[PDB]
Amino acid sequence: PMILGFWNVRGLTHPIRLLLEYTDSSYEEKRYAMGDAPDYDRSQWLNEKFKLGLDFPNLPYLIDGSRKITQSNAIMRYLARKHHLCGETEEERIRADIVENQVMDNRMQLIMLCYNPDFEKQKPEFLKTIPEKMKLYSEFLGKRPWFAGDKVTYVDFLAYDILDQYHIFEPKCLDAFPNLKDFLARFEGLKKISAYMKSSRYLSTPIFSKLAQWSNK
């Protein structure tokens, strides 16, 4: 089958695992473990980093026969093309493009905070910024059922993940945004998703590696 490699955390790989399940892909996973502080040993990965034939070795990676991919967005697009889960008109394409990239930004902002030695003192400032990020997603989605238009596309998988993470981080963050709360429930409502969430494979937390200041164990 296809091999997905990543750390044994949700990290930035949730969308992929979700999309592999949604599409009924036949895949196996390799979940590398990181050791504990203070050294946070990475040897399980490092032992094979340069042995897998990857052009730009990194995690996550996807091996699909002779096809070897790295970079999460490139893996997401590869599986989207295979399964017809890309936008179909220019307008959906542009919406898809923007959201892909915007998710990445919002993901990096969370990371910078959670790996900041000053997490606890930085936290208050970060919180204040949340309602503005969510408003932008709320107004972008509006009354559409999904981010790109009328049909699920790979970008709903990225959007779900990041909205779900901010929601774990600040549970009351979606209170003001009905259509967001509704998008979460709709997504989780998809038959394949629903069934995966009850599976042995489901990995929602920790979100971050042991190095982080939040959701690290």
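Start at 1 with the first residue shown and count on from there.
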Take the C-alpha B-factors listed in the entry for 35-43 and for 148-156, compute each mean, and give the stretch with the larger one.
35-43
Which has higher Cα B-factors on average according to the PDB entry: 173-181 or 158-166?
173-181
Tell me, please, which of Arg95, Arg107, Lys135, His84 has the highest C-alpha B factor according to the deposited entry?
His84
Taking the values straight from the PDB record, which of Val99, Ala74, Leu141, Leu113 has the highest C-alpha temperature factor?
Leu113
Going by the entry, which third of its chain does the Cα temperature factor of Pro60 land in?
lowest
Chain third (lowest, middle, highest) by recorded CA B-factor, residue given as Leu4:
lowest
Among the modelled residues of its chain, the C-alpha B-factor of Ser200 falls in the third labelled middle
Split the chain's modelled residues into thirds by Cα B-factor; is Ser194 in the lowest, middle or highest one?
middle
